[PDB]
Amino acid sequence: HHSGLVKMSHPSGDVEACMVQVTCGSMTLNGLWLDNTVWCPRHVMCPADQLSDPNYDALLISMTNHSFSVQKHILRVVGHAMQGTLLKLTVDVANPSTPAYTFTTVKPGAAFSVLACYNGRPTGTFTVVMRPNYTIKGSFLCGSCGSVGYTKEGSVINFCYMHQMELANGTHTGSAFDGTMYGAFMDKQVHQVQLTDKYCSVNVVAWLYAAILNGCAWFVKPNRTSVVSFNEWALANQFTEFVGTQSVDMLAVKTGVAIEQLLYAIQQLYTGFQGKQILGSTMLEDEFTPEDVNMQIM
Amino acid sequence: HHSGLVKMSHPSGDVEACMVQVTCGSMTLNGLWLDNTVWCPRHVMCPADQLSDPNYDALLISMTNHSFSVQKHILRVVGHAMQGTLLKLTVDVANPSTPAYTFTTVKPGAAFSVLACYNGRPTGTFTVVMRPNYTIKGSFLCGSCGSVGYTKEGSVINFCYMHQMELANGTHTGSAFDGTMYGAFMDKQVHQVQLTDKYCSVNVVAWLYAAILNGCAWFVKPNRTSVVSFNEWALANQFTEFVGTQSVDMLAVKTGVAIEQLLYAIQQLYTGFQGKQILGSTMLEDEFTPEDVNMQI
Ligand SMILES: *[C@H](O)[C@H](C[C@@H]1CCNC1=O)NC(=O)[C@H](CC(C)C)NC(=O)O[C@H]1CC[C@H](CC)CC1
Ligand SMILES: *[C@H](O)[C@H](C[C@@H]1CCNC1=O)NC(=O)[C@H](CC(C)C)NC(=O)O[C@H]1CC[C@H](CC)CC1
């Protein structure tokens with residue numbers, strides 16, 4: 001039986017109306033136009049020559065307001081400033097389609113939508129999970145920097161990601177809108193190695209609840225492992241710490257299966273399912289969130 | 001190495017702008033507002049009581065324009081007609097933000113984006129493949145009927161799907177905008193014969209090409225199988241006819257691996273990968289298209 005549990009993105013219209021193209025000399029990428037501000041990655045300021053030890057403090061100083069061209073396809077720059085790894089450009093027109101929005105950094109295991117853009121033109125949307133090593137997967141090619149990731153709660157869009165780079169292993173990372181880069185990473189063109197990844201325990205729990213909700217519960221036993229004992233075990237077996245939420249608790253209540261029974265199950269299934277399947281899979285899945293499961297199965 | 005091959009949907013803004021809620025007596029669902037026309041599933045006319053064998057012709061006759069209420073959240077009806085399994089409602093105001101559009105009927109193996117809506121409010125977007133048995137997977141709950149699926153050629157939206165129903169196995173089907181149901185399913189709440197799914201061979205080929213481009217070519221041998229023998233093989237082993245395309249050919253040029261090498265490979269890998277992996281999987285994947293792979297890699 002098909003669960004109906006699929007990778008689902010937020011509708012992108014609200015964010016499509018905010019996307020612009022930013023150009024600084026030879027470099028062109030994408031920007032986010034909210035009210036009188038345009039956000040974009042600061043390496044738009046760097047010529048490909050100096051991309052390996054860029055001196056951003058001196059590059060900023062050398063710019064005037066005319067150094068920046070902002071175009072809308074899907075504007076006059078009257079101020080410029082640097083905030084971490086992002087530029088904050090002030091323009092003389094307030095975006096007439098600015099959504100209600102917040103800037104909140106996301107934590108590992110959280111899911112968000114990405115609107116992939118090239119030259120200020122939205123081309124596609126997909127959902128990603130911030131991994132415990134502060135990378136995301138997804139699809140990003142040359143020119144995609146400035147593409148934004150976001151969630152939506154009510155009328156309020158939370159902008160949480162602005163795309164910056166791709167790593168050697170093909171994963172990706174970027175900034176939060178406070179200007180910090182997710183994970184270590186520096187916006188320089190140099191080899192950077194990401195930390196070891198980990199399974200997102202709370203998302204595995206959610207997925208196993210989805211399985212129970214879908215009729216697949218051969219893996220449930222009376223046996224239980226406590227949260228504290230699971231987290232001790234998790235440090236040493238490449239799982240994140242489990243933190244519960246009202247969202248998980250809703251699934252426990254709905255199914256009548258306690259969280260602690262699923263943490264025990266995870267300790268057994270970790271290694272393989274010995275010929276059985278769960279939701280058409282033979283390994284644990286950690287990219288669906290409790291919120292995903294509550295939305296799409298109930 | 002993460003290949004960068006993901007399930008990508010079209011930006012939904014253009015379509016969000018056309019979504020409305022349609023109410024008829026006690027039922028409500030979603031509709032599509034293009035110019036002066038609102039499209040919605042005709043079972044909006046059916047009371048819950050009588051969803052097993054509705055008399056749609058008599059329901060339509062029983063109606064008047066004032067039976068139907070249309071509201072845009074994300075409107076007065078002055079005409080109403082039935083086209084197959086859909087209603088075509090004429091409203092007095094034209095949708096100003098009507099995108100350039102056409103109506104197309106997707107074929108099995110083809111991908112399209114879905115805007116899932118409840119009460120006229122877009123809530124989510126995902127991509128599906130029309131399966132060889134004319135169903136789709138996706139995520140659709142109560143109130144989702146009237147959600148639409150679409151492709152894009154340029155700035156032009158091709159509307160191909162309006163959601164109608166769920167089958168006992170959890171899969172879904174809907175109407176094309178000419179009013180016909182994909183796969184001849186009836187918009188009646190009754191058990192119906194669902195054919196068996198098959199592997200979309202052309203998408204399997206595209207996936208193997210993606211593996212090659214990602215530096216996973218362990219399965220590539222100089223051995224070759226012709227299209228016609230493969231297609232003969234495919235009938236007895238739950239695969240679809242392979243039909244080449246310019247998109248596929250681009251991939252054999254990019255990689256330098258010929259189609260027939262991969263058709264031979266499919267015949268071997270169908271039995272299992274024998275301890276090895278392809279793009280993190282131990283089974284063949286058939287929901288990424290030639291167009292996906294070219295676009296994303
Ligand atoms: C801005 O559009 C790009 C996005 C890259 C391009 C290729 N795929 C992407 O996601 N960002 C960068 O190019 C970035 C600039 C520095 C200054 C941060 N550098 C970068 O991502 O380089 C990568 C390119 C890919 C290779 C392959 C492993 C490694 C370095
Ligand atoms: C219109 O919004 C719904 C969408 C369904 C409902 C639940 N999930 C969906 O995809 N369509 C219907 O409700 C449909 C109406 C008839 C007149 C076509 N009925 C329907 O899909 O019946 C299904 C419901 C689930 C059961 C499962 C054994 C089979 C029949």
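What's counted below: heavy atoms across the whole structure, side chains too, no hydrogens, waters or symmetry copies. First the proteins, then the strands, lettered A, B, ... as listed; each starts at 1. All ligand and atom numbering here is 1-based and tracks the order in the structure.
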Working to the nearest 0.5 angstrom, can you tell me the gap between [X] [atom1] and [Y] [atom2]?
X       : Y       : atom1 : atom2 : result
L115(B) : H163(B) : CG    : NE2   : 13.0 Å
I278(A) : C216(A) : CD1   : SG    : 5.5 Å
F140(A) : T173(A) : CZ    : OG1   : 9.5 Å
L89(A)  : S69(A)  : CG    : OG    : 10.5 Å
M250(A) : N294(A) : CE    : CG    : 4.0 Å

Part of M165(B) within contact of ligand 2 (heavy atoms, under 4.0 Å): both

[atom] - nearest protein heavy atom and its distance:
atom                    : answer
atom 26 (C) of ligand 1 : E166(A) O, 4.6 Å
atom 1 (C) of ligand 1  : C145(A) SG, 1.8 Å
atom 10 (O) of ligand 1 : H163(A) NE2, 3.0 Å

State whether a side-chain donor-acceptor pair under 3.5 Å links [X] with [Y].
X       : Y       : result
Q164(B) : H43(B)  : yes
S175(B) : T85(B)  : yes
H1(A)   : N214(A) : yes

Any nitrogen or oxygen of [X] lying under 3.5 Å from a nitrogen or oxygen in ligand 2? Just yes or no.
X       : result
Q189(B) : yes
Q164(B) : yes
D187(B) : no

Could you tell me whether the side chain of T127(A) and the main chain of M8(A) form a donor-acceptor pair under 3.5 Å? yes

Would the distance check show the side chain of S113(A) and the main-chain N or O of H10(A) forming a donor-acceptor pair, the cut-off being under 3.5 Å? yes

Out of all atoms in ligand 2, which are within 4.0 Å of some heavy atom of [X]? Include the element for each.
X       : result
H172(B) : 10 (O)
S144(B) : 2 (O), 4 (C)
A168(B) : 28 (C)
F140(B) : 8 (N), 9 (C), 10 (O)
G143(B) : 2 (O)

Considering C142(B), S147(B), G170(B) one by one, which has a heavy atom nearer to atom 7 (C) of ligand 2 than any of the others? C142(B)

Using heavy-atom distances only, which candidate in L51(A), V44(A), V190(A) approaches atom 17 (C) of ligand 1 most closely? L51(A)

May I ask whether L29(B) places a heavy atom under 4.0 Å from ligand 2? no

Check the orientation of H172(B) and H2(A). Use parallel for under 30°, tilted for 30 to 60°, and perpendicular for over 60°. perpendicular

Classify the contact between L167(A) and ligand 1 as side chain, backbone, both or neither, using a heavy-atom distance cut-off of under 4.0 Å. backbone

Are there protein heavy-atom neighbours of atom 20 (C) of ligand 1 below 4.0 Å? yes

